[PDB]
Amino acid sequence: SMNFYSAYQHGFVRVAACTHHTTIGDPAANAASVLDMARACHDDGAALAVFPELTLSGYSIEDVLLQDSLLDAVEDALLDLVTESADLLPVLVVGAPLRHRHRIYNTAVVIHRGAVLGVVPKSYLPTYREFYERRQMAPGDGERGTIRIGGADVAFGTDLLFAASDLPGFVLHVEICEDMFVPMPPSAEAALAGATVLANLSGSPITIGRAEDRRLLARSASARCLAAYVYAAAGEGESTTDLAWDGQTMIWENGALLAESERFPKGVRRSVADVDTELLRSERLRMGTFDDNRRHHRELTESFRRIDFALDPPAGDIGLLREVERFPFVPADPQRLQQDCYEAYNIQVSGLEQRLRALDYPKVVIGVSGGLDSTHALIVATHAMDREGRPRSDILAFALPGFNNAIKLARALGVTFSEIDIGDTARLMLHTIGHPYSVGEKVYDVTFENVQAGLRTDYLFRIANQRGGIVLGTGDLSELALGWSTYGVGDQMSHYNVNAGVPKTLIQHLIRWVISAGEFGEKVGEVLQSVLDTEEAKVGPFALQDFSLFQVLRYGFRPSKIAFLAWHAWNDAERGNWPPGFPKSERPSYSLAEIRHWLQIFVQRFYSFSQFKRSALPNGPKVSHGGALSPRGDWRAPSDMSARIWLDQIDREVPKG
Amino acid sequence: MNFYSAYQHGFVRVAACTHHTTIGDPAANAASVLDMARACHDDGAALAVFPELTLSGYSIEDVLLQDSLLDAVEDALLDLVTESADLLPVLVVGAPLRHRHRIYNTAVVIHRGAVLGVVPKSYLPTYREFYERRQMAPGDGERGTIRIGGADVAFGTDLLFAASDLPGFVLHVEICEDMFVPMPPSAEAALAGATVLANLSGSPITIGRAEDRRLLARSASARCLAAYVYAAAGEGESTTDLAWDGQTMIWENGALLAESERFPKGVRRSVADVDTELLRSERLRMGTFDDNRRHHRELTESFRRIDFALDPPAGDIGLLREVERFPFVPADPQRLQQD
Amino acid sequence: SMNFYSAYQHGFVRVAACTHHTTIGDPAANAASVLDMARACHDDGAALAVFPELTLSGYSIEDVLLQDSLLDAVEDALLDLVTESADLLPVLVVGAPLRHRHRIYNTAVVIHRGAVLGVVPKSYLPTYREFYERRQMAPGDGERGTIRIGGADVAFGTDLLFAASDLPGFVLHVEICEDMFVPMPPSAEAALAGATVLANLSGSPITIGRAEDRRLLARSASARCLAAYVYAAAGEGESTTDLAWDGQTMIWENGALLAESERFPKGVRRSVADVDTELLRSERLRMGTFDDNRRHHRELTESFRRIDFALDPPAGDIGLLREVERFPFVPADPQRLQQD
Ligand SMILES: Nc1ncnc2c1ncn2[C@@H]1O[C@H](COP(=O)(O)OP(=O)(O)OC[C@H]2O[C@@H]([n+]3cccc(C(=O)O)c3)[C@H](O)[C@@H]2O)[C@@H](O)[C@H]1O
Ligand SMILES: *CC(=O)CC[C@H](N)C(=O)O
Ligand SMILES: *CC(=O)CC[C@H](N)C(=O)O
Ligand SMILES: *CC(=O)CC[C@H](N)C(=O)O
């Protein structure tokens with residue numbers, strides 16, 4: 001029923017940070033630039049346009065700010081901006097020196113559809129080094145009440161909130177340059193109070209190192225406040241009597257850079273981006289210490305004044321001004337991925353090391369199939385042993401054939417290798433149980449499969465008892481998610497699971513990383529390389545199910561939200577980025593029908609079927625910021641629930657193709 | 001004047017330590033802590049910050065609620081306190097402690113034979129892999145005092161520790177998640193006059209989490225014109241569900257001063273000389289810092305100030321600081337090119 | 001003049017504590033059960049129907065409470081039950097996890113005749129032993145103002161009172177499970193402020209002796225507060241991953257049990273009872289120290305928001321859902337009489 005292709009309908013809000021052409025001392029001209037940039041924002045369906053500090057006057061005009069004609073010109077340019085915004089869709093936030101009581105205030109006028117919503121004075125006026133703001137301007141910290149603008153008294157002060165009434169996840173707070181540089185920023189309290197989108201208007205003359213400073217503090221604010229941060233600085237046109245301007249603009253969301261514009265531009269620039277208000281909602285919803293902090297400053301936070309406006313955003317397809325990656329567990333940026341891998345690996349190793357220290361260095365029993373997972377776990381187990389000064393021959397690896405890679409790796413590593421043929425025991429069990437296969441019937445059902453799976457595990461566990469060892473778990477996060485494993489006796493069961501927290505899509509990249517580090521050597525490298533090259537299509541592509549895993553595990557997003565995201569990430573193979581190690585051939589695209597089909601399978605398997613196998617999970621380290629699936633940790637759920645509501649949301653909300 | 005004395009030039013030698021945790025065994029944690037504090041003492045350091053719940057192990061879950069665990073924590077604490085009589089640095093050591101109805105996630109500040117104060121963690125994460133509110137009480141809003149082996153020492157989140165013989169050294173302590181909330185305890189402490197912010201962390205390691213620690217510890221220090229001293233738990237913490245990297249780091253006004261190896265084998269210390277005069281000078285010049293204090297006057301004037309005397313070394317103990325030859329010309333090539 | 005045979009005209013108010021069938025993670029199914037039980041309360045001429053904690057979602061679902069589709073479905077089911085209450089007599093009190101500001105709260109939604117009257121957050125969230133509530137849910141104590149439920153700002157908080165303008169002896173306070181277990185329960189203060197009927201929605205997984213703990217505290221609450229105490233625990237349908245559920249319901253009045261239902265029922269159960277509002281009026285009129293305690297906690301008892309609604313209860317003969325002893329001075333129970 002929703003327009004599935006509408007970003008507004010998926011909880012996005014389009015925000016724009018703008019740097020305009022300053023004509024200092026000339027508000028009619030600054031207004032005219034602002035208006036032209038506002039119309040481009042409207043055209044883009046943006047709900048917010050933040051301009052630089054003192055937009056209407058020029059930031060750098062010094063005592064020209066005290067000139068009657070300057071002040072008067074400003075006021076008339078504003079009233080004209082307001083009249084024009086009648087037919088503009090975005091909330092406009094626009095700097096202006098304004099008269100109130102005894103002084104001029106460095107203010108931000110929040111404008112929307114033909115009416116001022118509020119005027120926000122700069123709380124904090126730098127009067128040091130190259131800044132002289134206390135000379136011409138009065139602090140706004142702790143002023144309240146109203147201000148008369150064009151025949152209307154409108155909220156004036158630093159405790160204002162602009163809550164969109166048709167967009168409950170968009171609640172705007174405004175501050176101004178130095179406001180965000182002090183230990184206790186205005187916007188920190190406003191996030192506790194309920195602001196989701198934090199605007200900052202800057203003049204910010206540019207200096208060596210200062211752009212890093214802007215970034216450090218706008219980014220960490222967005223992270224610590226679980227907010228978007230929208231930041232605009234002055235550029236061309238400001239006075240160069242003592243200073244220069246770079247016109248930097250940027251948008252942050254929860255510590256991530258959504259957009260940024262060119263530094264030192266010829267001409268005006270914008271950062272436009274889609275902010276995910278559900279990501280912010282979900283993060284707040286889960287970090288209760290955020291609410292604990294609000295209740296600690298209840299007086300501060302409850303004092304805020306909330307101004308409403310109907311945003312009435314466009315209903316149609318307007319694209320997604322957002323970078324949605326194909327692999328939420330696998331960053332496309334190669335130095336970021338190198339970092340994840342370093343960390344994944346060391347997490348797995350140190351987790352297991354502690355298990356081994358704690359048990360006075362047991363032997364290490366591991367089933368090696370030549371697959372990616374067991375291959376990787378062997379490597380992890382080898383490094384653990386090295387670091388602890390234990391002989392590699394204390395790793396007891398077992399090939400367990402049922403009805404080359406493993407053996408080569410085992411020998412290259414120098415671990416104790418052995419083959420145990422489970423065939424005769426499988427045969428005897430299938431007969432004892434009266435399975436049709438024991439009388440010739442080619443019935444290859446779950447029992448047939450499980451009898452083997454189970455016996456592998458049964459054997460390893462008995463070896464472990466007999467030989468003073470522990471069985472290493474091999475199953476990865478994606479398997480835990482789907483219940484693609486054999487419960488209890490089999491697969492799912494071990495003394496310690498190193499891959500438990502690692503999703504399937506990340507596994508190959510870990511091996512790549514192991515080869516690259518080169519620490520094991522030429523032959524080991526070669527065998528590992530070989531394992532990658534030699535190496536379930538009814539649970540779907542793991543690339544799709546890991547995409548779904550991240551949205552549910554981190555954010556709890558509804559299914560139609562996940563389809564939207566996956567479709568945007570995976571729809572066109574030629575668009576967006578791929579991590580290292582995907583040859584052009586190895587680069588699939590997925591249709592909406594494909595994405596929808598496998599998501600139906602995900603919700604059913606994840607929410608309903610698989611919890612019970614997750615519920616009795618061996619020990620192992622959590623790996624990913626995306627979460628892990630331990631029932632003692634990240635994922636607490638019933639083993640006895642239907643996924644009806646998720647499947648119903650897909651029927652109603654996600655188009656069939 | 002001793003020209004070659006870092007202390008006489010307004011420096012304070014600060015240390016962030018990651019010890020070897022023996023979970024559920026306080027006496028052994030105190031042994032690892034005491035060993036590392038003597039190393040710090042030898043280095044002429046004035047502060048040693050250890051990880052969250054140092055004396056118990058952070059990761060022991062309901063073992064925290066076991067009586068023998070708490071008795072042993074207290075006996076170990078009292079012995080640590082006894083041993084510092086001879087130790088130059090102020091020790092900041094985590095412990096689960098009984099006060100009133102519950103146990104608190106505390107940092108105990110220890111100097112020269114006495115406890116100076118006890119600081120409860122303010123915000124207790126109870127989400128994802130964190131379960132802290134199950135065993136432990138929030139420290140936010142708590143004041144008054146606490147009985148530690150025959151003395152009533154200050155207890156609460158509003159404490160400053162000032163070196164009467166070294167005024168640029170003013171210490172505030174917060175614990176792990178305390179630095180991740182919109183309005184950290186430590187932001188208010190800086191306005192009240194804290195120049196050195198300690199953070200004891202447990203902080204199970206996850207992909208990306210060091211970047212997060214970094215961002216908030218660096219941005220804290222820059223926003224608050226302070227040194228920020230961070231110490232996380234490492235080897236020995238339970239790996240039932242989690243992994244530990246024992247990261248320690250020292251920031252100053254946005255700059256990184258020192259940091260230690262991640263996932264070390266064995267104990268590690270970051271040690272660095274903090275320029276209290278740097279901090280002093282930035283504070284002096286940035287008036288809007290003090291404007292912010294005055295806006296939160298009642299918040300910032302209520303802090304309690306505990307005095308101690310450091311009596312630091314008079315002599316030449318080198319300088320644990322990278323002083324660039326060209327303040328105007330970064331030696332780092334990437335940075336120089338950016339400049 | 002008066003219809004002599006009308007319990008309402010004699011200052012009685014009919015109340016139901018209900019235990020419904022849970023379908024964990026399925027609010028439309030929970031709502032259909034609720035609506036059906038509410039229709040039976042209406043047919044009984046009940047003024048009030050209390051359902052178990054988190055009625056709409058299921059109490060036992062843990063992190064599923066944090067799912068957008070869980071919360072959205074909860075909201076939609078809730079709106080339909082409010083639309084369906086247009087034709088129902090009783091105030092319904094149904095549990096639901098609802099978003100407010102940063103988090104979800106464990107709430108009771110007080111519903112009457114096509115509108116929501118108020119939304120009461122659980123005050124104290126057990127985070128110990130088998131309970132994990134602070135992980136998913138925010139505490140409700142100290143929270144005021146309002147919440148937007150389907151295009152309407154309705155009172156929100158632990159300071160709320162639902163007073164019948166046409167039945168002045170019926171003044172309702174709602175609290176949730178653990179709220180009655182703490183040294184200073186929210187219902188205690190609400191009694192001093194005027195509440196005469198105290199509702200408790202519970203999840204309360206069952207354990208050896210726990211029904212005895214519920215009784216101890218519901219009973220003594222009703223006696224110490226000179227009030228009716230209406231209590232519903234969760235039942236069949238709830239997750240048995242780690243817990244079991246007994247579906248216990250009970251109605252107390254000044255220390256005396258009015259009604260209680262079968263434990264571990266197969267199917268839905270109710271306690272329905274006529275509460276004597278004049279009996280409560282009478283005990284309060286006479287025990288001045290009750291009012292002395294109110295004036296001692298004057299600031300605390302005077303800030304409750306009173307929310308009015310008209311009941312229009314039935315005027316005719318609907319019998320009397322109450323034990324009336326032939327000999328008030330001679331208890332018909334042998335063990336009780338022997339003691340007397
Ligand atoms: N909620 C619940 N609570 C308690 N018990 C529950 C239950 N739901 C099912 N069960 C029981 O558990 C059993 C079903 O679970 P399980 O024994 O795992 O059996 P099941 O999950 O039905 O099948 C396992 C399948 O996963 C695939 N697999 C397994 C292992 C390795 C690989 C590989 O590619 O390497 C693939 C393979 O296709 C295999 O047949 C049944 O006995 C069922 O009655
Ligand atoms: C506009 C502004 O306040 C920038 C000055 C700030 N303190 C800085 O960049 O250091
Ligand atoms: C404690 C700390 O500084 C980092 C880890 C923290 N618990 C988190 O990232 O949530
Ligand atoms: C009503 C409830 O939250 C369970 C009972 C309570 N936790 C208790 O203390 O028994």
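Chain identifiers are assigned alphabetically (A, B, ...) following the order of the sequence lines, protein sequences preceding nucleic acid strands; residue numbering begins at 1 within each chain.
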Under 4.0 Å between a side-chain nitrogen and a carboxylate oxygen: does that hold for B/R143 and B/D158? yes

Under 4.5 Å between any side-chain heavy atoms of B/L116 and B/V153, yes or no? no

Looking at B/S219 and A/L216, what are the two nearest heavy atoms and their distance? CB-CD1, 3.8 Å

Please lay out, stage by stage, how B/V170 and B/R305 fare under the test side-chain contact (heavy atoms from CB on, under 4.5 Å). CA-CA 9 Å; B/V170 175; B/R305 203 167 174 104; 4.0 Å; yes

Taking the six-membered ring for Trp, are the ring centroids of B/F3 and B/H9 within less than 6.0 Å of each other? yes

Which heavy-atom pair separates B/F50 from B/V93 by the least distance, and what is that distance? CD1-CG2, 4.1 Å

May I ask you to decide if B/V274's main-chain N or O and B/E252's side chain share a donor-acceptor pair within less than 3.5 Å? no

Salt-bridge criterion met for A/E178 and A/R129 (N-O under 4.0 Å): no

Evaluate the side-chain proximity of B/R38 to B/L87: yes if any heavy-atom separation is below 4.5 Å, no if none is. yes

Establish, yes or no, whether a centroid distance under 6.0 Å links the rings of B/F161 and B/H111. no

Counting distance only, does the side-chain N/O of B/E52 pair as donor-acceptor with the main-chain N or O of B/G202 below 3.5 Å? yes

Can you find a pair of side-chain heavy atoms, one from A/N346 and one from B/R262, that are under 4.5 Å apart? no

Gap between atom CG of B/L53 and atom CD1 of B/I175 - 0.5 Å precision: 7.5 Å

May I ask you to say whether B/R268 pairs ionically with B/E235, meaning some side-chain N is under 4.0 Å from a carboxylate O? no

Without swapping roles, check the side chain of B/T195 against the backbone of B/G168 for a donor-acceptor pair under 3.5 Å. yes

Out of curiosity, B/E237 CD to A/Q354 CD, how far, rounded to the nearest 0.5 Å? 8.5 Å

Looking at B/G10, is its backbone amide N or carbonyl O close enough to the side chain of B/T276 to form a donor-acceptor pair, meaning the two atoms are under 3.5 Å apart? yes

Can B/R213 and B/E259 be counted as an ion pair, charged N to O under 4.0 angstrom? no

Report yes if some heavy atom in the side chain of B/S59 is under 4.5 Å from a heavy atom in the side chain of B/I23; otherwise report no. yes

Apply the test side chain to side chain donor-acceptor pair (under 3.5 Å) to residues B/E132 and B/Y58: give CA-CA distance (whole Å), side-chain angles for both, the deciding distance (0.1 Å), then the verdict. CA-CA 10 Å; B/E132 295 195 35; B/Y58 166 86; 2.6 Å; yes

I would like to know whether B/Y7 and B/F169 meet side-chain contact (heavy atoms from CB on, under 4.5 Å); could you show each step before the answer? CA-CA 11 Å; B/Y7 278 105; B/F169 188 23; over 6 Å; no

Checking side-chain polar atoms at under 3.5 Å, does B/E188 have a donor or acceptor matched by the opposite partner on A/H297? yes

Under 3.5 Å side-chain donor-acceptor pair for B/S260 and B/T248: yes

Run the side-chain contact (heavy atoms from CB on, under 4.5 Å) check on B/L97 and B/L77 step by step: do they pass? CA-CA 10 Å; B/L97 291 187; B/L77 221 188; 4.1 Å; yes

Can you see which heavy atom on B/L310 is nearest to which on B/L88, and at what distance? O-CD1, 3.6 Å

Taking NZ, NE, NH1 and NH2 as the nitrogens, is one of them in B/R209 or A/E343 under 4.0 Å from a carboxylate oxygen of the other? no

Note: A/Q348 and A/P621 closest approach over all heavy atoms is CA-CG, 4.1 Å

Quick check: does any side chain N or O of B/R112 sit under 3.5 Å from a backbone N or O of B/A85, one acting as donor and the other as acceptor? yes

May I ask you to test the B/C17-B/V267 pair for a side-chain heavy-atom distance under 4.5 Å? no

Any side-chain heavy-atom pair of B/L47 and B/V12 under 4.5 Å: no

Is it true that A/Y229 and A/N200 share a donor-acceptor pair across their side chains at a distance under 3.5 Å? yes

B/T54 side chain reached by B/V33 side chain, heavy atoms, under 4.5 Å: yes

Minimum heavy-atom distance B/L55-B/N29, with the two atoms named: O-OD1, 3.2 Å

Can any side-chain N or O of B/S238 pair as donor or acceptor with the backbone N or O of B/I60 at less than 3.5 Å? no

For the pair A/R224 (side chain) and B/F180 (backbone), establish whether a donor and an acceptor sit closer than 3.5 Å, ignoring hydrogens and angles. no

Work out which heavy atom in B/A37 is nearest to a heavy atom in B/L91; give both atom names and the distance. CB-CD2, 3.7 Å

Answer yes or no: is there a donor N or O on one side and an acceptor on the other, between the side chain of B/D43 and the main chain of B/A45, under 3.5 Å? no

Atom pair NE2 (A/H383) and OH (A/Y345), whose distance is rounded to the nearest 0.5 Å: 4.5 Å

Apply side-chain contact (heavy atoms from CB on, under 4.5 Å) to A/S204 and A/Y231, showing your working. CA-CA 11 Å; A/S204 195; A/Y231 178 95; 3.6 Å; yes

Please examine the side chains of A/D340 and A/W513, heavy atoms only from C-beta on, and report whether any two atoms are closer than 4.5 Å. no

Would a distance-only check, ignoring hydrogens and angles, find a side-chain to backbone donor-acceptor pair under 3.5 Å from B/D178 to B/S122? yes

Verify whether one side chain among B/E174 and B/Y123 offers a donor that lies under 3.5 Å from an acceptor in the other. no

Under-4.0 Å salt bridge between B/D273 and B/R321: no

Between CD1 of B/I205 and NE2 of A/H625, what distance do you get to the nearest 0.5 Å? 12.5 Å

Does any N or O in the side chain of B/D165 come within less than 3.5 Å of the main-chain N or O of B/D311, such that one atom is a donor and the other an acceptor? yes

